[PDB]
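A quick write-up on the structure given underneath.
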Amino acid sequence: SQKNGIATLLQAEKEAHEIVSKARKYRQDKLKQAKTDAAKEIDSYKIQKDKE
Amino acid sequence: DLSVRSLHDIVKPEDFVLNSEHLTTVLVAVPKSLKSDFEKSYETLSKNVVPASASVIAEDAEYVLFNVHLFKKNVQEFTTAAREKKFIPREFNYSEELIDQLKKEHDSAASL
Amino acid sequence: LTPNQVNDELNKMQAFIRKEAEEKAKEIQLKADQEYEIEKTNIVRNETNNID
């Protein structure tokens, strides 16, 4: 057969697809928020110098 | 010869479940007399065997055919052992893009 | 052997697939945090000099 020790592995690898997709999504979100923080901290630094 | 013939009626998804890889199958063709070397090696052969992957699958009355599904990490042991138990190394899988080639070529040769 | 113990090894393998997926996702998150920090610091350093 092919339904013993495989279909359970099929569900396992579908869960693997889901988990790796989660990790990818966290990669993109971390990158995006990294750039956002980089752009906003410099903005605050700028709003300091005009007041200076 | 029944060992060199390119089979086109036993390869199927139901025995070649080509999907997200977990296993590694292989076809076997052994004479009838040596059937004890494989039958009595039902599960002492090695680890990582697949249930119903050694039971009766197909018999040609001269060779016996199965689908030896071993996992995708411990292929080394059975690959090494295949050279001392007379296993045919013809790596076949469910791939119509090659199955159709032989039939089309034979018919075209006859027609030409 | 008996079909049950090979089934126990099968269970070990369903556990293995998910364990490996979780491990790789964890490593992905770790390197995600590292790139978070480094990328955020880069533009911060650059602009702290440009605005100066």
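Following the order of the structure tokens, first chain is A, next is B, and so on, with residues numbered from 1 inside each chain and ligands from 1 in the order they appear.
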
Write down, as an mmCIF file with N, CA, C and O atoms, in the first residue's frame, each residue of chain A that has any atom within 7 Å of an atom of chain C, counting only C-alpha atoms.
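Saved to out27.cif:
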data_model
loop_
_atom_site.group_PDB
_atom_site.id
_atom_site.type_symbol
_atom_site.label_atom_id
_atom_site.label_comp_id
_atom_site.auth_asym_id
_atom_site.auth_seq_id
_atom_site.Cartn_x
_atom_site.Cartn_y
_atom_site.Cartn_z
ATOM 1 N N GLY A 5 2.117 4.979 7.074
ATOM 2 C CA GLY A 5 3.423 5.594 7.168
ATOM 3 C C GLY A 5 3.702 6.639 6.113
ATOM 4 O O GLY A 5 4.852 7.076 5.987
ATOM 5 N N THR A 8 -0.007 9.856 7.062
ATOM 6 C CA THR A 8 0.377 10.575 8.270
ATOM 7 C C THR A 8 1.581 11.468 8.005
ATOM 8 O O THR A 8 1.611 12.624 8.446
ATOM 9 N N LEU A 9 2.572 10.963 7.268
ATOM 10 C CA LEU A 9 3.673 11.812 6.829
ATOM 11 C C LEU A 9 3.199 12.900 5.874
ATOM 12 O O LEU A 9 3.789 13.984 5.841
ATOM 13 N N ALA A 12 1.965 15.490 8.092
ATOM 14 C CA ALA A 12 3.132 16.081 8.734
ATOM 15 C C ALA A 12 3.807 17.094 7.818
ATOM 16 O O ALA A 12 4.194 18.180 8.259
ATOM 17 N N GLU A 13 3.946 16.764 6.534
ATOM 18 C CA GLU A 13 4.617 17.684 5.623
ATOM 19 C C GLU A 13 3.723 18.853 5.236
ATOM 20 O O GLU A 13 4.229 19.925 4.896
ATOM 21 N N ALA A 16 4.431 21.025 7.898
ATOM 22 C CA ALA A 16 5.737 21.608 7.603
ATOM 23 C C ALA A 16 5.621 22.778 6.641
ATOM 24 O O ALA A 16 6.261 23.815 6.842
ATOM 25 N N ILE A 19 4.333 25.679 8.627
ATOM 26 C CA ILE A 19 5.287 26.259 9.573
ATOM 27 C C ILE A 19 6.363 27.045 8.834
ATOM 28 O O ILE A 19 6.776 28.128 9.268
ATOM 29 N N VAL A 20 6.850 26.507 7.715
ATOM 30 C CA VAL A 20 7.844 27.241 6.942
ATOM 31 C C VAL A 20 7.232 28.501 6.340
ATOM 32 O O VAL A 20 7.910 29.527 6.230
ATOM 33 N N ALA A 23 7.358 30.985 9.100
ATOM 34 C CA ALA A 23 8.708 31.514 9.275
ATOM 35 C C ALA A 23 9.049 32.526 8.185
ATOM 36 O O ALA A 23 9.636 33.578 8.463
ATOM 37 N N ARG A 27 9.900 36.473 8.481
ATOM 38 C CA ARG A 27 11.052 37.116 7.855
ATOM 39 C C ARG A 27 10.646 38.425 7.189
ATOM 40 O O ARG A 27 11.258 39.477 7.426
ATOM 41 N N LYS A 30 9.533 41.081 9.848
ATOM 42 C CA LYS A 30 10.685 41.597 10.573
ATOM 43 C C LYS A 30 11.475 42.569 9.711
ATOM 44 O O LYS A 30 11.884 43.633 10.186
ATOM 45 N N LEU A 31 11.695 42.232 8.438
ATOM 46 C CA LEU A 31 12.415 43.145 7.554
ATOM 47 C C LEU A 31 11.665 44.465 7.401
ATOM 48 O O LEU A 31 12.256 45.552 7.504
ATOM 49 N N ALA A 34 11.827 46.462 10.532
ATOM 50 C CA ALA A 34 13.187 46.964 10.690
ATOM 51 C C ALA A 34 13.375 48.248 9.900
ATOM 52 O O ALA A 34 13.861 49.257 10.428
ATOM 53 N N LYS A 35 12.985 48.228 8.625
ATOM 54 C CA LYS A 35 13.127 49.427 7.805
ATOM 55 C C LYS A 35 12.231 50.552 8.312
ATOM 56 O O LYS A 35 12.623 51.724 8.286
ATOM 57 N N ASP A 37 11.293 51.110 11.479
ATOM 58 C CA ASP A 37 11.943 51.680 12.654
ATOM 59 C C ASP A 37 13.142 52.523 12.251
ATOM 60 O O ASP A 37 13.368 53.604 12.807
ATOM 61 N N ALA A 38 13.923 52.043 11.282
ATOM 62 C CA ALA A 38 15.066 52.815 10.811
ATOM 63 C C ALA A 38 14.634 54.165 10.261
ATOM 64 O O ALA A 38 15.293 55.180 10.515
ATOM 65 N N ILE A 42 15.178 58.008 12.608
ATOM 66 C CA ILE A 42 15.850 59.130 11.965
ATOM 67 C C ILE A 42 14.911 60.323 11.859
ATOM 68 O O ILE A 42 15.347 61.474 11.960
ATOM 69 N N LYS A 46 15.632 63.971 13.341
ATOM 70 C CA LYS A 46 15.490 65.202 12.570
ATOM 71 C C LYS A 46 14.628 66.220 13.306
ATOM 72 O O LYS A 46 14.983 67.403 13.386
#

Query raised in the report: Got a sec to pull out which chain B residues are within 10 Å of chain A, counting only C-alpha atoms, and send them as a list in words?
Result: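 So the residues of chain B near chain A are residues 13, 14, 15, 16, 17, 19, 20, 21, 22, 23, 49, 50, 51, 52, 53, 54, 55, 57, 67 and 69 of chain B.
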
For the selection just defined, write its residues with N, CA, C and O atoms to a file, as a PDB file, in the first residue's frame.
ATOM      1  N   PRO B  13       0.413   5.791  -9.999  1.00  0.00           N
ATOM      2  CA  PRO B  13       0.492   6.599  -8.773  1.00  0.00           C
ATOM      3  C   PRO B  13       0.206   5.793  -7.521  1.00  0.00           C
ATOM      4  O   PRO B  13       0.805   6.055  -6.470  1.00  0.00           O
ATOM      5  N   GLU B  14      -0.687   4.805  -7.607  1.00  0.00           N
ATOM      6  CA  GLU B  14      -1.077   4.011  -6.451  1.00  0.00           C
ATOM      7  C   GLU B  14       0.061   3.169  -5.892  1.00  0.00           C
ATOM      8  O   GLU B  14      -0.032   2.723  -4.744  1.00  0.00           O
ATOM      9  N   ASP B  15       1.115   2.924  -6.670  1.00  0.00           N
ATOM     10  CA  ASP B  15       2.327   2.304  -6.152  1.00  0.00           C
ATOM     11  C   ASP B  15       3.546   3.205  -6.240  1.00  0.00           C
ATOM     12  O   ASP B  15       4.511   2.975  -5.502  1.00  0.00           O
ATOM     13  N   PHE B  16       3.540   4.210  -7.107  1.00  0.00           N
ATOM     14  CA  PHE B  16       4.547   5.266  -7.130  1.00  0.00           C
ATOM     15  C   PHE B  16       3.839   6.545  -6.694  1.00  0.00           C
ATOM     16  O   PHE B  16       3.366   7.321  -7.525  1.00  0.00           O
ATOM     17  N   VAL B  17       3.774   6.767  -5.385  1.00  0.00           N
ATOM     18  CA  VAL B  17       3.082   7.946  -4.842  1.00  0.00           C
ATOM     19  C   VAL B  17       4.115   9.066  -4.825  1.00  0.00           C
ATOM     20  O   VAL B  17       4.764   9.361  -3.819  1.00  0.00           O
ATOM     21  N   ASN B  19       4.979  12.469  -4.393  1.00  0.00           N
ATOM     22  CA  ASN B  19       4.421  13.635  -3.726  1.00  0.00           C
ATOM     23  C   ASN B  19       5.525  14.236  -2.864  1.00  0.00           C
ATOM     24  O   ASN B  19       6.711  13.971  -3.089  1.00  0.00           O
ATOM     25  N   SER B  20       5.143  15.057  -1.892  1.00  0.00           N
ATOM     26  CA  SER B  20       6.111  15.566  -0.932  1.00  0.00           C
ATOM     27  C   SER B  20       6.971  14.422  -0.421  1.00  0.00           C
ATOM     28  O   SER B  20       6.469  13.479   0.198  1.00  0.00           O
ATOM     29  N   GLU B  21       8.269  14.503  -0.691  1.00  0.00           N
ATOM     30  CA  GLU B  21       9.133  13.342  -0.537  1.00  0.00           C
ATOM     31  C   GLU B  21       9.280  12.950   0.927  1.00  0.00           C
ATOM     32  O   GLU B  21       9.672  13.763   1.769  1.00  0.00           O
ATOM     33  N   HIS B  22       8.952  11.694   1.222  1.00  0.00           N
ATOM     34  CA  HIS B  22       9.330  11.050   2.471  1.00  0.00           C
ATOM     35  C   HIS B  22      10.008   9.706   2.268  1.00  0.00           C
ATOM     36  O   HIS B  22      10.723   9.257   3.173  1.00  0.00           O
ATOM     37  N   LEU B  23       9.821   9.060   1.123  1.00  0.00           N
ATOM     38  CA  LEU B  23      10.239   7.687   0.891  1.00  0.00           C
ATOM     39  C   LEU B  23      11.166   7.619  -0.316  1.00  0.00           C
ATOM     40  O   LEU B  23      11.497   8.631  -0.938  1.00  0.00           O
ATOM     41  N   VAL B  49      11.525   0.006   6.923  1.00  0.00           N
ATOM     42  CA  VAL B  49      10.741  -0.657   5.886  1.00  0.00           C
ATOM     43  C   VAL B  49       9.307  -0.150   5.952  1.00  0.00           C
ATOM     44  O   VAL B  49       8.878   0.402   6.972  1.00  0.00           O
ATOM     45  N   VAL B  50       8.563  -0.327   4.871  1.00  0.00           N
ATOM     46  CA  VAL B  50       7.199   0.178   4.741  1.00  0.00           C
ATOM     47  C   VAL B  50       6.245  -1.009   4.787  1.00  0.00           C
ATOM     48  O   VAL B  50       6.418  -1.955   4.010  1.00  0.00           O
ATOM     49  N   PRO B  51       5.234  -1.002   5.658  1.00  0.00           N
ATOM     50  CA  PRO B  51       4.267  -2.105   5.654  1.00  0.00           C
ATOM     51  C   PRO B  51       3.595  -2.241   4.298  1.00  0.00           C
ATOM     52  O   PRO B  51       3.345  -1.257   3.599  1.00  0.00           O
ATOM     53  N   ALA B  52       3.320  -3.487   3.924  1.00  0.00           N
ATOM     54  CA  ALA B  52       2.703  -3.843   2.650  1.00  0.00           C
ATOM     55  C   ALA B  52       3.586  -3.509   1.455  1.00  0.00           C
ATOM     56  O   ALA B  52       3.149  -3.660   0.308  1.00  0.00           O
ATOM     57  N   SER B  53       4.820  -3.055   1.689  1.00  0.00           N
ATOM     58  CA  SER B  53       5.767  -2.812   0.611  1.00  0.00           C
ATOM     59  C   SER B  53       6.608  -4.035   0.277  1.00  0.00           C
ATOM     60  O   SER B  53       7.357  -4.004  -0.706  1.00  0.00           O
ATOM     61  N   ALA B  54       6.502  -5.105   1.067  1.00  0.00           N
ATOM     62  CA  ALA B  54       7.177  -6.361   0.788  1.00  0.00           C
ATOM     63  C   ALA B  54       6.212  -7.510   0.539  1.00  0.00           C
ATOM     64  O   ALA B  54       6.640  -8.558   0.043  1.00  0.00           O
ATOM     65  N   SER B  55       4.934  -7.344   0.865  1.00  0.00           N
ATOM     66  CA  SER B  55       3.944  -8.377   0.609  1.00  0.00           C
ATOM     67  C   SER B  55       3.783  -8.580  -0.897  1.00  0.00           C
ATOM     68  O   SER B  55       4.401  -7.895  -1.717  1.00  0.00           O
ATOM     69  N   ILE B  57       2.986  -8.304  -4.513  1.00  0.00           N
ATOM     70  CA  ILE B  57       2.637  -7.170  -5.362  1.00  0.00           C
ATOM     71  C   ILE B  57       2.379  -7.679  -6.774  1.00  0.00           C
ATOM     72  O   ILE B  57       1.276  -7.522  -7.310  1.00  0.00           O
ATOM     73  N   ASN B  67       7.429  -3.030  -4.620  1.00  0.00           N
ATOM     74  CA  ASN B  67       7.766  -1.608  -4.540  1.00  0.00           C
ATOM     75  C   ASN B  67       8.421  -1.391  -3.179  1.00  0.00           C
ATOM     76  O   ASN B  67       7.739  -1.140  -2.182  1.00  0.00           O
ATOM     77  N   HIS B  69       9.641   0.502  -0.669  1.00  0.00           N
ATOM     78  CA  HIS B  69       9.612   1.877  -0.176  1.00  0.00           C
ATOM     79  C   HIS B  69      10.477   1.978   1.072  1.00  0.00           C
ATOM     80  O   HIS B  69      10.083   1.535   2.153  1.00  0.00           O
TER      81      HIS B  69
END

Requested in this report: Check segment 36-83 of chain B with DSSP on the backbone and list each residue it calls alpha helix (DSSP H), as a ChimeraX atom specification.
Outcome: /B:36-39,75-81
